[PDB]
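**Student:** Here it is: the structure, laid out below.
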Amino acid sequence: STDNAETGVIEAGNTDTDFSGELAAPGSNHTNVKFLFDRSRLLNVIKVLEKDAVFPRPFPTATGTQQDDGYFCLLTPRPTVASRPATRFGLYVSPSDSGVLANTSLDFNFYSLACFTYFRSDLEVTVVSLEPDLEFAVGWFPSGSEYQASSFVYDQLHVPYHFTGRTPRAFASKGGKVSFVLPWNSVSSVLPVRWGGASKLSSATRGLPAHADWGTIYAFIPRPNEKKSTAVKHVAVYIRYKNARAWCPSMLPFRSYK
Amino acid sequence: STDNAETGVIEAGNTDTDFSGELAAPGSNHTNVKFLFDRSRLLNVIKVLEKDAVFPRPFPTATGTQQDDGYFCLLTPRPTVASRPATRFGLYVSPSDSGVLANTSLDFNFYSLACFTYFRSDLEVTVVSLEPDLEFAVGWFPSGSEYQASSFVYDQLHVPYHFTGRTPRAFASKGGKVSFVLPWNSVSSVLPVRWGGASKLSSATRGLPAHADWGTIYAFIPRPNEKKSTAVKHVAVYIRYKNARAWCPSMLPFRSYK
Amino acid sequence: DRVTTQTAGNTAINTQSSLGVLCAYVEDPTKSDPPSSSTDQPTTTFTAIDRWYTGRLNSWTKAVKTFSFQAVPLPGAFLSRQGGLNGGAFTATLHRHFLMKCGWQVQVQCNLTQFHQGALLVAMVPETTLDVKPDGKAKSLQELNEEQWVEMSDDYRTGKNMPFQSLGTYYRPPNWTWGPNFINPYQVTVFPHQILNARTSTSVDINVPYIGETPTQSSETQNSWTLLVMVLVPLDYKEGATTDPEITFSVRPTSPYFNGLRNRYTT
Amino acid sequence: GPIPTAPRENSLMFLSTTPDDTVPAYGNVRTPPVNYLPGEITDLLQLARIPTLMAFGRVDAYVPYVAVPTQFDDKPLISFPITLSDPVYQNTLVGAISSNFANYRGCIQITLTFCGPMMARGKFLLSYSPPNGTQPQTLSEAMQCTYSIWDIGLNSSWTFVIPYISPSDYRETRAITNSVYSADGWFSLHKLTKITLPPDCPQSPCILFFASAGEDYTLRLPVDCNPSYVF
Amino acid sequence: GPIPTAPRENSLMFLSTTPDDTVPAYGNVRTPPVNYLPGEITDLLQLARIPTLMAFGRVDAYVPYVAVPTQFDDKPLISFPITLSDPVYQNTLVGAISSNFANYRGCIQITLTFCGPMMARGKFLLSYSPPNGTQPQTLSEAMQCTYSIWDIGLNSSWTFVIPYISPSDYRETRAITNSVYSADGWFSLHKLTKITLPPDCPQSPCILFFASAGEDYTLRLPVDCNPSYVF
Amino acid sequence: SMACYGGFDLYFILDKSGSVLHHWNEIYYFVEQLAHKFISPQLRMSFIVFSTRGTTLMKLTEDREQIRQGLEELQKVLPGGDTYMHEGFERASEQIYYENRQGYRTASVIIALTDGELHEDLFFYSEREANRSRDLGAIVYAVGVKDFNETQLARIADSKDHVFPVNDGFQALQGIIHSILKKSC
Amino acid sequence: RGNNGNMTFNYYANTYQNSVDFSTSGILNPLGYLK
Amino acid sequence: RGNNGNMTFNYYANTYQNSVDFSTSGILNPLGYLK
Ligand SMILES: [Mg+2]
């Protein structure tokens with residue numbers, strides 16, 4: 001019908017508006033935000049700790065720093081790099097062996113439907129092993145805490161300080177999984193899917209939120225540091241957004257035409 | 001008694017109609033349609049995926065196409081071939097090794113009692129392993145969806161895209177089974193046991209329904225593609241028709257006399 | 001009594017050996033609501049398609065064996081003009097609508113004298129591909145004249161010859177042995193049927209509703225019913241009686257619903 | 001806190017016919033409605049009651065009728081044992097639904113139809129013998145059993161309802177067992193008086209046989225079917 | 001004491017979309033309130049209804065409008081199949097929310113806007129053909145389909161609502177399948193009368209196309225999305 | 001070869017498709033006329049049929065009672081089914097390869113019959129199996145019952161010189177089969 | 001009710017367990033009526 | 001209520017399961033109002 005799209009509001013018509021027709025019956029409510037993000041999906045495949053770690057030092061990290069990379073999973077749909085939140089998402093195309101390949105992550109199923117700016121939800125974290133008969137454990141520390149990185153000698157065995165704490169270290173049975181729901185613990189009222197301000201941090205970068213995360217999990221093996229194995233064991237972190245709310249509609253990513 | 005069978009309706013008599021007799025008491029209701037198809041039976045023995053698959057390309061498939069056959073189980077009592085719905089059912093009598101032996105299937109217990117034309121029911125799928133100590137997983141995609149066939153590199157391990165999704169990937173415990181009931185998800189109002197129309201598809205063939213299915217399951221092993229084994233592992237798919245309704249009576253198959 | 005004139009539109013038909021109208025699956029198969037899979041207004045019945053369409057059918061000789069059938073698809077006989085069966089203003093509307101949802105009402109006439117014997121089995125057989133050669137393509141008017149009566153072979157009893165898809169050079173072609181659009185010739189009386197015996201009647205009367213996997217089906221590619229004249233007892237007479245009695249049929253669509261108007265169907 | 005349970009010996013057993021549900025996976029699916037479809041089979045005994053044709057070996061080309069010769073003989077014109085595994089019952093809806101079960105109970109209803117000319121007059125005796133040591137062949141041996149005389153006239157069908165005479169309440173639907181002269185006895189169509197046809201009428205008319213189920217035919221105990229229809 | 005349970009065959013199974021909760025770990029967290037934020041998306045169909053731009057290949061530099069030449073031709077000025085996988089629908093909010101689903105149902109609403117000068121006068125025919133064997137190109141072949149004539153005047157937008165004409169209640173949102181002339185048919189913008197411009201006005205004005213969803217556009221069955229936006 | 005053949009065989013690979021349903025009374029006359037003409041004990045013959053299952057109706061035998069018992073079976077064969085001509089050739093390929101393992105330099109001759117020519121998915125395998133049987137050392141003749149493309153049988157036989165209509169077929173194969181009998185030992 | 005002995009307690013709701021039809025707006029009857 | 005079929009029984013309390021907001025003191029409305 002006769003309209004003005006320069007107005008900015010176009011009323012959603014039906015077939016009966018211009019023609020002779022009828023309204024179709026409403027099919028289903030699967031587009032509900034609380035329904036559509038309330039399902040699990042893979043976030044990041046992280047290695048499993050076998051000793052007391054060294055958490056990745058903040059950027060710009062110089063060479064020679066003996067730290068432990070690819071062990072901590074900053075639980076965020078936004079793009080991360082080296083277990084710390086980033087802006088751009090980078091994947092290595094031809095990863096030659098000069099320098100440390102930084103473990104990046106992103107929630108591919110989220111941004112293809114993240115047609116909004118702010119998003120708040122609880123987080124159900126399921127940590128599925130990627131190793132036959134792995135008895136692991138899933139430590140965690142909230143948004144705004146740091147990793148306790150040393151070891152205390154119990155009975156001539158370097159038991160690290162990430163076995164205990166006031167934060168949930170769920171121990172898995174052998175051949176089992178770990179699943180627990182994390183509350184919204186960040187200091188921001190919502191998580192910015194898209195952020196345009198500047199974080200007044202270690203040198204300020206536009207478009208990088210400081211506390212848009214549910215925390216950081218890491219997997220360790222419940223043995224002291226003398227019982228260290230040799231081969232590298234991985235674990236996979238699935239994530240479900242319980243009780244999702246979303247505000248302020250925005251864009252969906254640019255699907256190319258080639 | 002005196003009747004006319006040219007009329008087309010013969011009233012079901014008893015012994016008391018012509019003779020001196022009595023009505024026998026009603027035995028049981030095991031001929032009830034909702035009772036008689038609500039029991040599990042084997043559908044198809046499918047191989048278990050060990051990498052990111054290539055779904056079978058539609059017919060006529062030419063030689064040289066590197067695809068993965070015999071992995072997808074189009075969940076239908078009607079005859080299938082190469083994980084796609086067919087009309088005729090073909091079994092290889094003397095299968096010589098020229099060409100790819102296409103995995104056909106059929107529900108033998110269904111058509112011997114499918115004395116009707118249209119049939120609608122939910123579907124309970126139990127996927128029993130045929131391998132000692134097999135930890136598998138049962139992916140699925142509905143009637144009218146396609147298989148997501150690639151791999152995303154998590155931690156230098158080609159984890160395929162059939163680990164995640166919005167459709168149920170049930171993971172089995174080791175030595176265990178997978179059982180879940182699927183709703184009626186096809187776009188047709190009922191499933192035609194016998195269909196006489198033509199599917200206006202890739203070149204149209206009479207008697208072939210396009211969306212007479214509950215979906216397609218496939219079994220995969222939850223390891224990345226670098227952990228590929230050598231020997232072929234099978235899995236068996238049992239199927240139960242929950243809450244069956246059936247319309248429009250028809251014929252039962254021709255039992256021969258030789 | 002047994003004299004029922006079935007007036008419909010501007011075309012009425014008489015019979016003086018009427019067994020009765022075998023209404024199928026319901027009391028009144030004329031009552032039919034509109035399709036629920038359309039968001040436009042359907043073209044309902046009107047008084048130029050509410051009438052009978054007499055068309056011929058091949059003669060019934062002594063050479064015909066037992067169970068030799070002869071299939072007349074509905075609406076597939078209106079569109080290919082099978083047996084001189086011009087659809088009139090029904091086919092002029094069926095070509096211009098995409099979906100069509102009707103229930104039929106047929107009547108097969110075959111006049112046997114009291115000195116003939118034989119029994120046709122007329123039945124409205126749902127969802128069959130009996131008009132299609134075991135090689136996909138549908139039968140033209142020449143191939144219905146080149147055989148006159150399709151013999152119930154083993155390929156029809158097992159459903160071995162229903163149309164298939166070419167699997168291509170990649171797959172080894174499997175030995176097809178069965179397909180679900182068979183005919184079990186002994187169980188055709190489960191369908192809405194009457195027997196056209198040579199000593200009770202000369203006209204059977206079947207009235208079927210719309211059945212189909214969708215609440216309305218496509219117009220060009222549906223075969224949800226199939227008239228099926230099957231010989232149970234072969235014709236026999238002494239030399240002097242009227243050889244080769246003709247068989248006709250008379251199809252009337254009860255309460256159609258045409259949805260999805262477009263121009264006349266060009267392949 | 002924890003409810004102290006004690007799982008049984010049949011824990012983690014997959015039984016195929018457990019009378020119980022299971023966990024949903026992909027629920028809240030509104031299906032499109034089937035209010036438009038007529039003729040719903042509520043019960044598969046709505047189809048055993050529909051009479052279907054039998055198959056008699058002629059004097060894999062079998063014949064649903066009995067050709068009636070003009071030659072006198074004191075044996076039944078056709079005779080077949082009342083057993084729903086017998087090959088005159090494979091392609092009925094009575095004998096092909098019941099062969100997929102294990103027991104039955106009630107009255108088989110054999111419908112006839114004289115498909116000869118209208119000017120034929122004749123009578124047929126229709127004897128169901130219970131299981132004897134010897135199958136009755138003489139008309140006088142079959143007059144004594146459960147019979148009924150069918151006079152050919154205007155109405156051209158006769159529904160001889162076979163009684164359910166058996167000790168056990170549910171007969172076995174499949175007598176493939178070490179066999180004898182088979183219970184449950186024999187149906188037999190005797191021609192009582194010869195069919196008198198006027199001149200210039202075809203010799204040997206045809207009695208088309210049907211086989212339906214009674215209004216008290218009841219089935220029990222599903223079994224796995226024979227999959228030999230597909231080979 | 002112990003409640004005797006019997007755990008099922010799907011014990012210790014991790015299903016990703018189980019419609020159920022799980023054990024808390026770190027509860028009793030009062031979150032800071034979000035009463036201040038306006039504009040909460042309660043439902044993602046509040047964004048398919050917002051009209052976004054389409055993308056037409058010009059006569060990865062695509063154009064949201066249709067340049068209108070001054071040369072007469074009896075073919076549609078632009079024509080594109082109504083399929084939400086078609087690349088004139090990848091970067092709409094209708095076709096990029098629905099490509100992350102499996103079914104849809106309802107009315108796509110194509111909004112136009114004549115972004116030419118104010119002194120232009122013209123008319124445009126707007127035909128939606130249902131799926132035919134051949135795409136209609138002549139104006140007389142598209143006059144017969146579902147059309148509507150749009151007269152350029154003071155108000156400069158027209159919302160042609162494409163009907164939902166389909167047999168199945170929910171159409172497939174992604175026709176990447178062995179393909180033919182594609183259901184659900186073709187939209188086509190025909191210029192009926194030529195655009196008559198006064199002197200010293202620019203030749204070839206521009207019809208900016210939009211694509212929203214109707215008031216009855218409904219989506220069903222989430223699927224895993226294509227992650228190829230990130231490569 | 002200049003060395004005479006120690007054995008000499010003959011394969012009647014016969015179609016029983018739905019297309020030959022009105023022509024089986026002519027195909028059966030062609031086979032009996034070639035069996036009851038060559039009564040030499042040097043020649044063995046085998047009857048292979050195909051519609052959907054390629055089935056050896058009589059093995060490679062020479063006993064003229066068995067061949068008469070074989071020909072009394074071919075008269076009562078009902079046509080019908082598809083045309084899997086590759087499975088007609090696989091039953092002969094299981095017999096050529098079994099008889100190449102005797103130490104006798106024999107000579108396999110294959111006679112094919114077809115009305116309804118093959119679809120592309122079936123012509124690809126029947127051309128493949130006819131290449132397989134020639135690699136096993138056979139001479140494929142393609143006798144044609146009514147209207148047939150010679151090109152669809154040019155690949156199946158040795159060449160276009162080896163494809164014959166059925167009315168000329170016994171006129172052709174009178175001395176064509178007899179030419180190797182004098183060549184033999 | 002089918003092959004279902006759970007007369008007592010349905011854990012999952014009817015929409016999740018079964019699949020109900022959406023809205024459009026004993027005595028064994030015969031399948032053929034002579035009229 | 002979300003993707004939650006547990007209509008019957010919540011074991012954990014609402015504060016432990018969810019995360020309620022602390023205090024400061026159907027009909028799909030449009031996201032843009034022309035005034
Ligand atoms: Mg042929």
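By order in the structure tokens, chains are A, B, ...; within a chain, residues start at 1; ligands start at 1, following the order shown.
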What do you get as a PDB file with N, CA, C and O atoms, in the first residue's frame if you pick all residues at most 12 Å from ligand 1, counting only C-alpha atoms and all ligand atoms?
**Tutor:**
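Resulting contents of selection.pdb:
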ATOM      1  N   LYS C 133       4.438 -46.695 -17.124  1.00  0.00           N
ATOM      2  CA  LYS C 133       5.188 -47.848 -17.585  1.00  0.00           C
ATOM      3  C   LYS C 133       6.281 -48.173 -16.583  1.00  0.00           C
ATOM      4  O   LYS C 133       6.700 -47.300 -15.819  1.00  0.00           O
ATOM      5  N   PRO C 134       6.758 -49.494 -16.610  1.00  0.00           N
ATOM      6  CA  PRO C 134       7.831 -49.742 -15.628  1.00  0.00           C
ATOM      7  C   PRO C 134       9.089 -48.921 -15.898  1.00  0.00           C
ATOM      8  O   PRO C 134      10.131 -49.200 -15.313  1.00  0.00           O
ATOM      9  N   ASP C 135       8.990 -47.926 -16.771  1.00  0.00           N
ATOM     10  CA  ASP C 135      10.154 -47.147 -17.173  1.00  0.00           C
ATOM     11  C   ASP C 135       9.943 -45.651 -16.965  1.00  0.00           C
ATOM     12  O   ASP C 135      10.521 -44.830 -17.672  1.00  0.00           O
ATOM     13  N   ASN C 161       7.895 -53.129 -10.916  1.00  0.00           N
ATOM     14  CA  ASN C 161       8.028 -52.270 -12.085  1.00  0.00           C
ATOM     15  C   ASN C 161       7.518 -50.851 -11.859  1.00  0.00           C
ATOM     16  O   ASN C 161       7.154 -50.172 -12.821  1.00  0.00           O
TER      17      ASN C 161
ATOM     18  N   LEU F  14      20.509 -64.489 -22.479  1.00  0.00           N
ATOM     19  CA  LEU F  14      19.189 -64.217 -23.023  1.00  0.00           C
ATOM     20  C   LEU F  14      18.441 -63.219 -22.158  1.00  0.00           C
ATOM     21  O   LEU F  14      18.431 -63.333 -20.932  1.00  0.00           O
ATOM     22  N   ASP F  15      17.783 -62.268 -22.800  1.00  0.00           N
ATOM     23  CA  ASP F  15      16.981 -61.303 -22.072  1.00  0.00           C
ATOM     24  C   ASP F  15      15.616 -61.899 -21.767  1.00  0.00           C
ATOM     25  O   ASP F  15      15.006 -62.550 -22.615  1.00  0.00           O
ATOM     26  N   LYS F  16      15.142 -61.684 -20.549  1.00  0.00           N
ATOM     27  CA  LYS F  16      13.763 -61.986 -20.203  1.00  0.00           C
ATOM     28  C   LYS F  16      13.104 -60.770 -19.571  1.00  0.00           C
ATOM     29  O   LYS F  16      12.308 -60.874 -18.634  1.00  0.00           O
ATOM     30  N   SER F  17      13.384 -59.591 -20.117  1.00  0.00           N
ATOM     31  CA  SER F  17      12.838 -58.351 -19.586  1.00  0.00           C
ATOM     32  C   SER F  17      11.351 -58.233 -19.897  1.00  0.00           C
ATOM     33  O   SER F  17      10.743 -59.089 -20.540  1.00  0.00           O
ATOM     34  N   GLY F  18      10.755 -57.131 -19.442  1.00  0.00           N
ATOM     35  CA  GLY F  18       9.397 -56.823 -19.845  1.00  0.00           C
ATOM     36  C   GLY F  18       9.269 -56.448 -21.305  1.00  0.00           C
ATOM     37  O   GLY F  18       8.174 -56.545 -21.864  1.00  0.00           O
ATOM     38  N   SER F  19      10.365 -56.032 -21.937  1.00  0.00           N
ATOM     39  CA  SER F  19      10.318 -55.639 -23.337  1.00  0.00           C
ATOM     40  C   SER F  19      10.218 -56.835 -24.272  1.00  0.00           C
ATOM     41  O   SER F  19       9.678 -56.705 -25.374  1.00  0.00           O
ATOM     42  N   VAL F  20      10.718 -57.997 -23.866  1.00  0.00           N
ATOM     43  CA  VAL F  20      10.669 -59.181 -24.702  1.00  0.00           C
ATOM     44  C   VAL F  20       9.465 -60.058 -24.361  1.00  0.00           C
ATOM     45  O   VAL F  20       9.446 -61.238 -24.705  1.00  0.00           O
ATOM     46  N   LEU F  21       8.456 -59.489 -23.691  1.00  0.00           N
ATOM     47  CA  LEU F  21       7.277 -60.256 -23.301  1.00  0.00           C
ATOM     48  C   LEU F  21       6.466 -60.708 -24.510  1.00  0.00           C
ATOM     49  O   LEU F  21       5.878 -61.794 -24.491  1.00  0.00           O
ATOM     50  N   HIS F  22       6.448 -59.914 -25.574  1.00  0.00           N
ATOM     51  CA  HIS F  22       5.776 -60.295 -26.804  1.00  0.00           C
ATOM     52  C   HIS F  22       6.730 -60.902 -27.823  1.00  0.00           C
ATOM     53  O   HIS F  22       6.353 -61.082 -28.982  1.00  0.00           O
ATOM     54  N   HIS F  23       7.962 -61.228 -27.415  1.00  0.00           N
ATOM     55  CA  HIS F  23       8.950 -61.757 -28.346  1.00  0.00           C
ATOM     56  C   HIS F  23       9.704 -62.959 -27.798  1.00  0.00           C
ATOM     57  O   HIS F  23      10.713 -63.356 -28.396  1.00  0.00           O
ATOM     58  N   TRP F  24       9.267 -63.542 -26.682  1.00  0.00           N
ATOM     59  CA  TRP F  24       9.984 -64.686 -26.137  1.00  0.00           C
ATOM     60  C   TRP F  24       9.739 -65.941 -26.953  1.00  0.00           C
ATOM     61  O   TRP F  24      10.597 -66.829 -26.997  1.00  0.00           O
ATOM     62  N   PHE F  50      18.624 -63.154 -17.926  1.00  0.00           N
ATOM     63  CA  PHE F  50      18.671 -61.957 -17.098  1.00  0.00           C
ATOM     64  C   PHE F  50      17.406 -61.147 -17.331  1.00  0.00           C
ATOM     65  O   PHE F  50      17.011 -60.926 -18.476  1.00  0.00           O
ATOM     66  N   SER F  51      16.714 -60.800 -16.255  1.00  0.00           N
ATOM     67  CA  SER F  51      15.885 -59.605 -16.257  1.00  0.00           C
ATOM     68  C   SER F  51      16.342 -58.643 -15.177  1.00  0.00           C
ATOM     69  O   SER F  51      16.855 -57.564 -15.477  1.00  0.00           O
ATOM     70  N   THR F  52      16.264 -59.060 -13.925  1.00  0.00           N
ATOM     71  CA  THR F  52      16.809 -58.323 -12.802  1.00  0.00           C
ATOM     72  C   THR F  52      17.905 -59.123 -12.129  1.00  0.00           C
ATOM     73  O   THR F  52      18.976 -58.589 -11.839  1.00  0.00           O
ATOM     74  N   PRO F  79       8.747 -63.779 -19.199  1.00  0.00           N
ATOM     75  CA  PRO F  79       9.501 -62.527 -19.264  1.00  0.00           C
ATOM     76  C   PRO F  79       8.944 -61.495 -18.303  1.00  0.00           C
ATOM     77  O   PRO F  79       7.794 -61.563 -17.868  1.00  0.00           O
ATOM     78  N   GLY F  80       9.786 -60.521 -17.978  1.00  0.00           N
ATOM     79  CA  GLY F  80       9.370 -59.451 -17.096  1.00  0.00           C
ATOM     80  C   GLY F  80      10.445 -59.013 -16.126  1.00  0.00           C
ATOM     81  O   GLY F  80      11.186 -59.842 -15.592  1.00  0.00           O
ATOM     82  N   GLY F  81      10.523 -57.714 -15.881  1.00  0.00           N
ATOM     83  CA  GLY F  81      11.548 -57.112 -15.057  1.00  0.00           C
ATOM     84  C   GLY F  81      12.331 -56.081 -15.839  1.00  0.00           C
ATOM     85  O   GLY F  81      11.976 -55.702 -16.959  1.00  0.00           O
ATOM     86  N   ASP F  82      13.437 -55.641 -15.246  1.00  0.00           N
ATOM     87  CA  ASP F  82      14.317 -54.665 -15.875  1.00  0.00           C
ATOM     88  C   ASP F  82      15.211 -55.365 -16.894  1.00  0.00           C
ATOM     89  O   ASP F  82      14.962 -56.501 -17.297  1.00  0.00           O
ATOM     90  N   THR F  83      16.268 -54.694 -17.343  1.00  0.00           N
ATOM     91  CA  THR F  83      17.209 -55.303 -18.280  1.00  0.00           C
ATOM     92  C   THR F  83      18.606 -55.111 -17.702  1.00  0.00           C
ATOM     93  O   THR F  83      19.301 -54.154 -18.046  1.00  0.00           O
ATOM     94  N   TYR F  84      19.021 -56.020 -16.822  1.00  0.00           N
ATOM     95  CA  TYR F  84      20.369 -55.968 -16.267  1.00  0.00           C
ATOM     96  C   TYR F  84      21.257 -56.864 -17.113  1.00  0.00           C
ATOM     97  O   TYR F  84      21.519 -58.024 -16.793  1.00  0.00           O
ATOM     98  N   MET F  85      21.739 -56.300 -18.217  1.00  0.00           N
ATOM     99  CA  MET F  85      22.563 -57.072 -19.132  1.00  0.00           C
ATOM    100  C   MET F  85      23.983 -57.243 -18.609  1.00  0.00           C
ATOM    101  O   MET F  85      24.695 -58.146 -19.059  1.00  0.00           O
ATOM    102  N   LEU F 113      21.111 -61.085 -26.455  1.00  0.00           N
ATOM    103  CA  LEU F 113      19.815 -60.758 -27.035  1.00  0.00           C
ATOM    104  C   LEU F 113      19.195 -59.609 -26.253  1.00  0.00           C
ATOM    105  O   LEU F 113      19.240 -59.614 -25.021  1.00  0.00           O
ATOM    106  N   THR F 114      18.605 -58.637 -26.960  1.00  0.00           N
ATOM    107  CA  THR F 114      17.951 -57.508 -26.301  1.00  0.00           C
ATOM    108  C   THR F 114      16.943 -56.829 -27.223  1.00  0.00           C
ATOM    109  O   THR F 114      17.239 -56.568 -28.391  1.00  0.00           O
ATOM    110  N   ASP F 115      15.733 -56.591 -26.709  1.00  0.00           N
ATOM    111  CA  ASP F 115      14.798 -55.642 -27.315  1.00  0.00           C
ATOM    112  C   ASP F 115      14.918 -54.265 -26.678  1.00  0.00           C
ATOM    113  O   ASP F 115      15.324 -53.297 -27.327  1.00  0.00           O
ATOM    114  N   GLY F 116      14.589 -54.179 -25.393  1.00  0.00           N
ATOM    115  CA  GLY F 116      14.578 -52.916 -24.695  1.00  0.00           C
ATOM    116  C   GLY F 116      15.985 -52.533 -24.323  1.00  0.00           C
ATOM    117  O   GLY F 116      16.615 -53.183 -23.484  1.00  0.00           O
ATOM    118  N   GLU F 117      16.498 -51.495 -24.961  1.00  0.00           N
ATOM    119  CA  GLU F 117      17.874 -51.128 -24.716  1.00  0.00           C
ATOM    120  C   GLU F 117      18.020 -50.428 -23.378  1.00  0.00           C
ATOM    121  O   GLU F 117      17.049 -49.982 -22.760  1.00  0.00           O
ATOM    122  N   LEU F 118      19.260 -50.335 -22.945  1.00  0.00           N
ATOM    123  CA  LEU F 118      19.566 -50.086 -21.555  1.00  0.00           C
ATOM    124  C   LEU F 118      19.628 -48.595 -21.283  1.00  0.00           C
ATOM    125  O   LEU F 118      19.951 -47.792 -22.161  1.00  0.00           O
ATOM    126  N   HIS F 119      19.309 -48.230 -20.048  1.00  0.00           N
ATOM    127  CA  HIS F 119      19.478 -46.863 -19.604  1.00  0.00           C
ATOM    128  C   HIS F 119      20.974 -46.578 -19.423  1.00  0.00           C
ATOM    129  O   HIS F 119      21.808 -47.489 -19.452  1.00  0.00           O
ATOM    130  N   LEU F 122      22.771 -48.369 -16.723  1.00  0.00           N
ATOM    131  CA  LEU F 122      22.918 -49.798 -16.954  1.00  0.00           C
ATOM    132  C   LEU F 122      23.787 -50.115 -18.153  1.00  0.00           C
ATOM    133  O   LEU F 122      24.421 -51.172 -18.189  1.00  0.00           O
ATOM    134  N   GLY F 144      20.310 -59.103 -32.272  1.00  0.00           N
ATOM    135  CA  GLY F 144      19.267 -58.154 -31.962  1.00  0.00           C
ATOM    136  C   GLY F 144      17.881 -58.573 -32.394  1.00  0.00           C
ATOM    137  O   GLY F 144      17.585 -58.662 -33.586  1.00  0.00           O
ATOM    138  N   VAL F 145      17.005 -58.811 -31.423  1.00  0.00           N
ATOM    139  CA  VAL F 145      15.568 -58.826 -31.667  1.00  0.00           C
ATOM    140  C   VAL F 145      15.108 -57.383 -31.843  1.00  0.00           C
ATOM    141  O   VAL F 145      15.896 -56.454 -31.639  1.00  0.00           O
ATOM    142  N   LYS F 146      13.829 -57.195 -32.196  1.00  0.00           N
ATOM    143  CA  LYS F 146      13.259 -56.010 -32.848  1.00  0.00           C
ATOM    144  C   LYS F 146      13.572 -54.654 -32.218  1.00  0.00           C
ATOM    145  O   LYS F 146      13.921 -54.578 -31.037  1.00  0.00           O
ATOM    146  N   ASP F 147      13.275 -53.583 -32.962  1.00  0.00           N
ATOM    147  CA  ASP F 147      14.102 -52.394 -33.190  1.00  0.00           C
ATOM    148  C   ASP F 147      15.060 -52.015 -32.065  1.00  0.00           C
ATOM    149  O   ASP F 147      14.665 -51.842 -30.909  1.00  0.00           O
ATOM    150  N   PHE F 148      16.325 -51.839 -32.435  1.00  0.00           N
ATOM    151  CA  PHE F 148      17.420 -51.657 -31.501  1.00  0.00           C
ATOM    152  C   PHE F 148      18.468 -50.772 -32.157  1.00  0.00           C
ATOM    153  O   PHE F 148      18.677 -50.849 -33.371  1.00  0.00           O
TER     154      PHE F 148
END
**Student:** Specify as a PyMOL selection string all residues of chain H found within 12 Å of chain G, counting only C-alpha atoms.
**Tutor:** chain H and resi 3-9
**Student:** Export, as a short mmCIF file (atom, residue, chain, number, x, y, z; two decimals), in the first residue's frame, the selected residues with N, CA, C and O atoms.
**Tutor:**
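So the final result, stored in part.cif, reads:
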data_model
loop_
_atom_site.label_atom_id
_atom_site.label_comp_id
_atom_site.auth_asym_id
_atom_site.auth_seq_id
_atom_site.Cartn_x
_atom_site.Cartn_y
_atom_site.Cartn_z
N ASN H 3 13.73 -22.28 27.39
CA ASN H 3 13.83 -23.67 26.96
C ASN H 3 13.83 -24.58 28.18
O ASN H 3 14.80 -25.27 28.48
N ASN H 4 12.72 -24.56 28.91
CA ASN H 4 12.63 -25.20 30.22
C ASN H 4 11.32 -25.97 30.28
O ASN H 4 10.25 -25.37 30.36
N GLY H 5 11.41 -27.29 30.26
CA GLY H 5 10.24 -28.13 30.38
C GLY H 5 9.92 -28.58 31.78
O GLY H 5 8.98 -29.35 31.97
N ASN H 6 10.68 -28.13 32.76
CA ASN H 6 10.46 -28.51 34.15
C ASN H 6 9.37 -27.62 34.72
O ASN H 6 9.62 -26.68 35.48
N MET H 7 8.13 -27.92 34.36
CA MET H 7 7.00 -27.16 34.85
C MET H 7 6.61 -27.56 36.26
O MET H 7 5.84 -26.83 36.91
N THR H 8 7.13 -28.68 36.76
CA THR H 8 6.62 -29.35 37.95
C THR H 8 7.33 -28.94 39.23
O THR H 8 6.68 -28.60 40.22
N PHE H 9 8.66 -28.94 39.22
CA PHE H 9 9.40 -28.99 40.47
C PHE H 9 10.76 -28.36 40.28
O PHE H 9 11.56 -28.85 39.48
#
